[PDB]
Amino acid sequence: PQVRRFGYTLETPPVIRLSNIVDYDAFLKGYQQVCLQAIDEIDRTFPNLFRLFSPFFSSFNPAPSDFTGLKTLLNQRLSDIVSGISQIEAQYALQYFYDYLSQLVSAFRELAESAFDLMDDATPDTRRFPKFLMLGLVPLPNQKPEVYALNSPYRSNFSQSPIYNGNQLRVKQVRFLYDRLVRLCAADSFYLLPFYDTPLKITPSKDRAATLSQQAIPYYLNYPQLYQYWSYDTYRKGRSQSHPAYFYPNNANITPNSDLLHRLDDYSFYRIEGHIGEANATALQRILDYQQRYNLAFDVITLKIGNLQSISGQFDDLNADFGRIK
Amino acid sequence: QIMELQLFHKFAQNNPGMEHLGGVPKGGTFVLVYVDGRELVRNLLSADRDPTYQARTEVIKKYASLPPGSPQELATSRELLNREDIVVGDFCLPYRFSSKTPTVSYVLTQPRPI
Amino acid sequence: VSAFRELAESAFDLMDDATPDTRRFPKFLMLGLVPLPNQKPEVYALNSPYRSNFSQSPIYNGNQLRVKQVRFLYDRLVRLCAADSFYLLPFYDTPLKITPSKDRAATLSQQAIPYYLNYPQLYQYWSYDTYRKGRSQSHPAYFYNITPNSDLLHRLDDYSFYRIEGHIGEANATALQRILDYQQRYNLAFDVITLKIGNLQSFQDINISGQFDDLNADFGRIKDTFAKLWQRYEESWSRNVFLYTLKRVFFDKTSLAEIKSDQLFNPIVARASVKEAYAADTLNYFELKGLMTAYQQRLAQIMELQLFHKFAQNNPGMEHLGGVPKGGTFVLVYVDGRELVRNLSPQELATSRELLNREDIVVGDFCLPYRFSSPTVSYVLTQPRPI
Amino acid sequence: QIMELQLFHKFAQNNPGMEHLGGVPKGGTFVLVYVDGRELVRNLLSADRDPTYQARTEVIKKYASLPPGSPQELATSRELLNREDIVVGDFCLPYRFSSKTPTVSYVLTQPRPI
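Chains as they are written, first to last, in the entry's author numbering: chain A, 229 to 312, 322 to 547, 553 to 568; chain V, 796 to 909; chain W, 342 to 485, 490 to 623, 774 to 839, 865 to 894, 897 to 909; chain E, 796 to 909.
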């Protein structure tokens, strides 16, 4: 699966142009036309996950009917957001919805690249090739032999117990990964709160190049159910209540801003959350004051969508030349 | 020039490369994007007046706690009657602005055909 | 060199031993050299001399895959050092293209395939795991007026670098136009500048002019002043040829931008400066004489920063990576035609030979890790001089 | 304005984010931090005068060699008789605090009808 970029404009050949966003309606169209095709890609790709898990060599074989209802859920949620199962959703959330969809694809990848390297064979069957070995197809005369491939089509390939090569650990990771993909795609995972109930916060994390397991848990997700089952290693160590995220659980001895007071060596990105829905001057001023309180580095700009715009500036040299004529 | 460059979302035509990652890199710039109009704001805020939409915070607060904040900020944020503008989105852009050393444009002409 | 390093670093850890030999040390075990008295035993070393070290079949610790990776990498190394791997000889022109790629810090197998390599033969055999998965036709590269790239349409998260190809050998202005339009069409983030190699006095094939806001309020202040003085000493002044020429060449133009750099100084003294060649105070009290010198000095201080060896002293760090990092600066480098073709309708032949050695040919690239641009309307204009 | 903005360590109030890593990222900014005075310098340099401190150079030179330098530079650094200020600290920043040059921003001429 792939995901399109925002400004995608249909042409021969197509382009990415933001010069077409003249007013608000163009903004809504520009995000709707991308969310639709992303949902279609999800529908085409997800229901065939069962093909990575061999029926002969894996111990875990998922049922194919897990992901047959995504198309309808996703279209209902989108038509609910845009055309302001039915629920009440705020329209200014559309930009988040897109991002949410993107994360799903990432989780998919994090699974498919891991399960590719698994070999388990927990219970052997001794009557597969009792007293003979089949060698591959005999090539044409004076042709070079194949020396890079691992698995010829008709050759008796090697299969082992789930002990060596570290597989005893992968046999677990894949389960903990598959389950997460089932929990993300649920009816109540996309779960926003009314905007006046969420104060501003900035939380550090890693860039989009890192695996989904190493990024901070986004703000628009249903935390109390997904804060477990985010990342495997943190689960092993018992630190799952400490991952960077907007919320923190009740009844654990957790400092409110424990991450921004100690050193910051392995973070390069700041997630800024809590501003959507508020006024211009208020949000801008709160962001500037937060940056002042915790000693961070970036700039803030504000822009207006429209084509109307319903001033004077301090120019040093023009005033210097104006001061000698009056 | 100032009236148009720094105020319209047709500011990307001078500074292309804006993207949504939900935040800001160390050293970049963070762009807020808003709209105007009283009737439009009143229509956009309609979902935040529903009783079934508002119940969500109490469902959440059973298990997880939210960041605290000064009471005046929260008090100001709850007055939805007289509001003219509303923030819709944000974008990322990976470089700060010089802000000094005035600019002098250098102009070139294209060669003549034969 | 980088491919060599990749191969060696991979092969350092291989243990295969497909066919053992039971005659090696059949009934005993050797241990290492006995240390000196009261010395510590060696506990970090993995292969000591004379000790009987452990050797295994290639099905443990993940060697069943290294035994293929090292073959694939050696074969790639052999293919790269062949007579046909660098096939930009003879040189020829190609359309402009930009491809996203990973940094030079990444393994060579994870970078893009540069366009001076014989792609139809190396697009297989570049990267191994792509070979396993069977997506070798879709690895980012050049091949397979300008060429529209496709992967620039989907999300670009795990790329950080832009490779720019197709601009060497063309005229300066067309390369600038094409690169800027290509940036605009796909919404990319980088800056563009151009520089020249040579000495300052080579700027004789163009006319130099310019407008600085800082001086506008002065040119008016002076101009009208002179006009007033015209209406009070008119009698004697309208007979002095010098004053009439100075009135109709300068002080009679709307803007200072219409005075070229050559009209500010005497050509003969300037030619004498190179060894190869071998009641007025009314205008001085009122600074009609200082404004022109300031204008000249600013024009010279701007034109002198167009040269490579003098730009390099204010912005050190230029290197060639074949492109630009996300958010950086792309520097083109050009030279006059006279320095390339040193020695190769007769009038049309002569004019063509003359104008095709005044052209600006783009020769090289560099990159910088920062962008320096931020609403002033001062500018400098350069106009090609007719032949 | 530069009498105050660009001199005091309360320059962070306009450019927050300073950090100590012992160096500078490629393309960043390197900030030195010093303190003025005769008495402060005479007191702070007290450790570099005692021979038990000075012996460290000779003893460490048994095994490893130090970078080269021209004799007159080391001869001048050794005086320490009339010194008014001393460097005390260092910091980093992730961007260029540019100066010393105007920008150019190469652009092309517009298509005017002929």
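Heads up, the beta-carbon is just placed ideally off N, CA and C, and yes, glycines get one too.
Not a single CB atom of chain E sits nearer than 8 Å to the CB of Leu888(V). Annotation: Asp831(E) to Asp885(E) spans about 16 Å, alpha carbon to alpha carbon. Partner residues in a beta bridge of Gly235(A), as assigned by DSSP, do not exist. For the pair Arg420(A) and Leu374(A), the CB atoms are not nearer than the 8 Å cut-off. Against chain W, the beta carbon of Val384(A) has neighbours under 7 Å at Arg412, listed in chain order.
Taking 8 Å as the cut-off, the beta carbon of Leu816(E) is found closer than this to the beta carbon of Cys887(E). The beta carbon of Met356(A) sits closer than 7 Å to those of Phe285, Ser396, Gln397 and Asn404, all from its chain and outside the five residues before and after it, given in chain order. Proximity of the segment 497 to 506 of chain A to the segment 430 to 449 of chain A meets the contact definition, three or more beta-carbon pairs being nearer than 8 Å.
By the Cβ-count criterion, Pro441(W) is buried, with 16 or more other Cβ atoms from all chains shown falling within 10 Å of its own Cβ. Among the CB atoms of chain E, none fall inside 8 Å of the CB of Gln556(A). Chain-order list of chain A residues neighbouring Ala562(W): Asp563, by C-beta distance under 7 Å. Counted as a single uninterrupted DSSP element, the beta strand (DSSP E) harbouring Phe506(W) occupies residues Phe506 to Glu510. DSSP lists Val826(V) as the bridge partner or partners of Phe886(V). With respect to the C-alpha of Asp358(A), the residue from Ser343(A), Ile322(A), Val310(A) and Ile400(A) having the closest C-alpha is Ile400(A). Partner residues in the beta bridge of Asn552(W), as assigned by DSSP, are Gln905(W). At least one beta carbon of chain W lies nearer than 8 Å to the beta carbon of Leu800(V). Within the model, the alpha-carbon separation for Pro275(A) versus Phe345(A) is close to 12 Å.
Scanning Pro820(V), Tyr890(V), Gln796(V) and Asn809(V) for the CA closest to the CA of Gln529(W) turns up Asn809(V). Residue-level contact by beta carbon holds for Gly822(E) and chain W, with a gap shorter than 8 Å.
Within 9 Å of the CB of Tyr901(E), the CB atoms of chain V belong to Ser900, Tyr901, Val902 and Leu903, in sequence order along the chain.
Membership of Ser343(W) in the alpha helix (DSSP H) is indicated by the continuous run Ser343 to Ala352.
Straight across, the Cα-Cα distance linking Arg407(W) with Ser311(A) is about 55 Å. With a threshold of 16 other beta carbon atoms within 10 Å, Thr296(A) falls short and is exposed. Between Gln905(V) and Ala518(W), the C-beta spacing is below 8 Å. By the CB criterion at 8 Å, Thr492(A) and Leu521(A) fall outside the cutoff. By the 16-neighbour rule on beta-carbons within 10 angstroms, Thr871(E) is exposed. Contacts between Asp559(A) and chain W, judged by CB atoms closer than 8 Å, involve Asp558 and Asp559 in chain order.
The Cβ atoms of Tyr259(A) and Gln332(A) lie closer than 8 Å to each other. DSSP, read as helix, strand or coil, puts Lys438(A) in strand. A Cβ of chain E is located within less than 8 Å of the beta carbon of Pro897(V).
Note that the C-beta distance between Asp536(W) and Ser893(W) is below 8 Å.
Shortest Cα-Cα distance from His804(V) to any of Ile542(A), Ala327(A), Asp294(A) and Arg233(A) involves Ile542(A). Judged by DSSP secondary structure, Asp776(W) falls within the alpha helix (DSSP H) whose first and last residues are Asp776 to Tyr780.
Within chain W, the residues whose beta carbon sits less than 7 Å from that of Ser893(E) are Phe892, listed in sequence order. The beta-carbon distance between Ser307(A) and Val231(A), rounded to whole angstroms, is 20 Å. This is too long to meet the 8 Å contact definition. For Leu875(E), the secondary structure class from DSSP, reduced to helix, strand or coil, is coil.
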